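**Student:** For reference, the structure I am asking about is given below.
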Amino acid sequence: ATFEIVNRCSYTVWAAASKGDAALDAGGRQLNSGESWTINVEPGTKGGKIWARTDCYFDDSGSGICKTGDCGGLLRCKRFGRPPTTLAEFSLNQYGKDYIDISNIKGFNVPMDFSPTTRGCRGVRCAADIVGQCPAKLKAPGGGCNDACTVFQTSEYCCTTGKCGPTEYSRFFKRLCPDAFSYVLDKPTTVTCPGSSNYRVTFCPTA
Numbered sequence: 016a017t018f019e020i021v022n023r024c025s026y027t028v029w030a031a032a033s034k035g036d037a038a039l040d041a042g043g044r045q046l047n048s049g050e051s052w053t054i055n056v057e058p059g060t061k062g063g064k065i066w067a068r069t070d071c072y073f074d075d076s077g078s079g080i081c082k083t084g085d086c087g088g089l090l091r092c093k094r095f096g097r098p099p100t101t102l103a104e105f106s107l108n109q110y111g112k113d114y115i116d117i118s119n120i121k122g123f124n125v126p127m128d129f130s131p132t133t134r135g136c137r138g139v140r141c142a143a144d145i146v147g148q149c150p151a152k153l154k155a156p157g158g159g160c161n162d163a164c165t166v167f168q169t170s171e172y173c174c175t176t177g178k179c180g181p182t183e184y185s186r187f188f189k190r191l192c193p194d195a196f197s198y199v200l201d202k203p204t205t206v207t208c209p210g211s212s213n214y215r216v217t218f219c220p221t222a
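With my numbering, the residue at position 32 of the sequence shown is 47, and numbering never jumps.
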C-alpha cells in the first residue's frame, strides 16, 4: 500500500514510520515545508504508526536527537517515538478491511489529517492549537502537549489494569479533537476502510 506523507506546516518536520520493532519503508525522512514523501507499506501490516518529529539534529550517518518524537536517536526509525507525538495509526487488510485512527494517547506535537486516497471510507483529523492551550502541567519543555500517563504514571491515566475512566486531562484532548483517541479506553473513533487502501498523512493541514 501507499502512504504519501505531506509537510504542509511552515516548519520542517522529520517524519517517522514504524511498527514497533522495524522500520516501515525507509523509517523516516526530513520533510521541509511543502515536501511529500511516498512510502510503501507491506498489505496486512498490523499496528504501524506515522508521526512527526520536531527540532531534530542528525549527523552524516544518521544518528542524533529530536525534541519531540525521538525514536532511539535514529533518523530512520525502527522503533516508536518519545511522547508527545500525535499519532496516525493503522492495521491493514484485517480479514477484508484496513482500520485507521489518530491517537492523542501519547500526547500531541503536530496537527494532522489522515485521509484515504482511494473510495469507501472518510478520513480523520486533529487540527486544533492543542500546544496553545495545553494545560501547564502537561506542557513539554521541548515542545508539544504531553498525555497525563506520561506526566503522572498512574493506573488511572495509564489504564494499567484495563479499567479506567476519562479524566480532566483526557477530556482537554477530546474538547479539542473529538475524532482522535483521548485515553486508552475511549469510545473508538476508528475508521474501517477497504483492504489495500492508500492514504495521505497531511501535517499542519489547515496551514
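Backbone N, C-alpha and C fix where the C-beta goes; we use that ideal spot for every residue, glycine too.
Taking only the alpha-carbon atoms, compute the straight-line gap between residue 125 and residue 218 and give it to the nearest angstrom.
**Tutor:** Along the sequence shown, one-based indexing puts residue 125 at 110. Along the sequence shown, one-based indexing puts residue 218 at 203. Approximately 7 Å between the Cα atoms of the pair.
**Student:** Suppose you measure from the CA of residue 171 to the CA of residue 123; what does that come to, to the nearest Å?
**Tutor:** For the purposes of this step, residue 171 is taken as residue 156 along the sequence shown, with counting starting at 1. For the purposes of this step, residue 123 is taken as residue 108 along the sequence shown, with counting starting at 1. Answer to the nearest angstrom: the Cα atoms are 20 Å apart.
**Student:** Pairs of beta-carbons, one from the region 79-86 and one from the region 44-59, closer than 8 Å: are there three or more?
**Tutor:** Segments in contact, no.
**Student:** Let me know the secondary structure DSSP gives residue 57 once reduced to three states.
**Tutor:** Position 42 of the sequence shown, counted from the start, is the residue given in the question as residue 57. Three-state result, residue 57: coil.
**Student:** Can you give me the start and stop residues for the alpha helix (DSSP H) that residue 118 sits inside?
**Tutor:** Here the question's residue 118 lines up with position 103 in the sequence shown. Per DSSP, residue 118 belongs to no alpha helix (DSSP H); it is in the beta strand (DSSP E), 112-118.
**Student:** For residue 25, which residues in the same chain have their Cβ closer than 8 Å to its Cβ, ignoring the five residues on either side in sequence?
**Tutor:** Against the sequence shown, residue 25 aligns to sequence position 10. Contacts found: 48, 219, 222.
**Student:** Can you check which of these residues, 32, 112, 76, 71, is closest to residue 55 by C-alpha distance?
**Tutor:** On the sequence shown, residue 55 is found 40 positions in, with the first residue counted as 1. With distances taken between Cα atoms, residue 55 lies closest to 32.
**Student:** Enumerate, from N- to C-terminal direction, the unbroken beta strand (DSSP E) stretches of 3 or more residues contained entirely within the region 134-173.
**Tutor:** The qualifying runs are 139-141.
**Student:** Who are the Cβ neighbours of residue 111 in its own chain at under 7 Å, not counting the five residues just before and after it?
**Tutor:** If you number the sequence shown from 1, residue 111 lands on position 96. Only 210 meet the Cβ criterion.
**Student:** Given a cut-off of 9 Å on the beta-carbon distance, is the pair residue 139 and residue 201 in contact?
**Tutor:** Here residue 139 refers to the residue found at position 124 when the sequence shown is read from its first residue. Here residue 201 refers to the residue found at position 186 when the sequence shown is read from its first residue. Cβ distance not < 9 Å, so residue 139 and residue 201 don't count as in contact.
**Student:** Does the beta-carbon of residue 118 have 16 or more other beta-carbons within 10 angstroms, so that it is buried, or is it exposed?
**Tutor:** If you number the sequence shown from 1, residue 118 lands on position 103. It counts as buried.
**Student:** Can you round the beta-carbon distance between residue 191 and residue 143 to whole angstroms, since I take them to be within the 8 Å contact cut?
**Tutor:** In the sequence shown, counting from the first residue as 1, residue 191 sits at position 176. In the sequence shown, counting from the first residue as 1, residue 143 sits at position 128. Residue 191 to residue 143, Cβ: 4 Å. Contact.
**Student:** State the DSSP-derived secondary structure class of residue 95, mapped to helix, strand or coil.
**Tutor:** As a working note, residue 95 is residue 80 in the sequence shown. Of the three classes helix, strand and coil, the one that applies to residue 95 here is coil, per DSSP.
**Student:** On the CB-based measure, 16 or more other CB atoms within 10 Å of its CB, does residue 104 come out buried or exposed?
**Tutor:** As a first step, residue 104 must be located in the sequence shown, where it is residue number 89. By the 10 Å Cβ count, residue 104 comes out buried.
**Student:** Within its chain, find whatever has a CB closer than 7 Å to the CB of residue 68; leave out the 5 residues flanking it on each side and keep chain order.
**Tutor:** Sequence index remark: in the sequence shown, residue 68 carries index 53 (1-based). Cβ neighbours of residue 68 beyond the five flanking positions: 28, 29, 31, 81, 83, 84, 85, 96.
**Student:** Work out the CA separation of residue 62 and residue 166 for me, nearest whole Å.
**Tutor:** The sequence position of residue 166 within the sequence shown is 151, counting from 1. The sequence position of residue 62 within the sequence shown is 47, counting from 1. Looking at the two C-alpha atoms, the distance is approximately 24 Å.
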